[PDB]
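All residue numbers for the sequence shown refer to the entry's author numbering, where the first residue is 1 and numbers rise by one.
The beta carbon of each residue, even a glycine, is placed where N, CA and C say it ideally should be.
Structure first, commentary second.
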Amino acid sequence: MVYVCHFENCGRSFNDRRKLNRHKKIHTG
Ligand SMILES: [Zn+2]
């Protein structure tokens, strides 16, 4: 699935769950 890291430190979009899941770590630590 595609997801959008529209968060207040990124404003990015990622055409894969693996690419958002691996990136979301950088917004948890
Ligand atoms: Zn992001």
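task = Compute the minimum distance between the beta carbon of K24 and the heavy atoms of ligand 1, and state whether it is under 8 Å.
result = The sequence position of residue 24 within the sequence shown is 24, counting from 1. Answer for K24: yes, Cβ within range of ligand 1.
ask   = From what residue to what residue does the alpha helix (DSSP H) around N21 run?
value = Translated into the one-based positions of the sequence shown, residue 21 becomes position 21. Per DSSP, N21 belongs to the alpha helix (DSSP H) from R17 to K24.
query = Opposite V4 in the DSSP bridges: which residues?
reply = As a working mapping, residue 4 is identified with position 4 in the sequence shown. The partner list for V4 (beta bridge, DSSP) reads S13.
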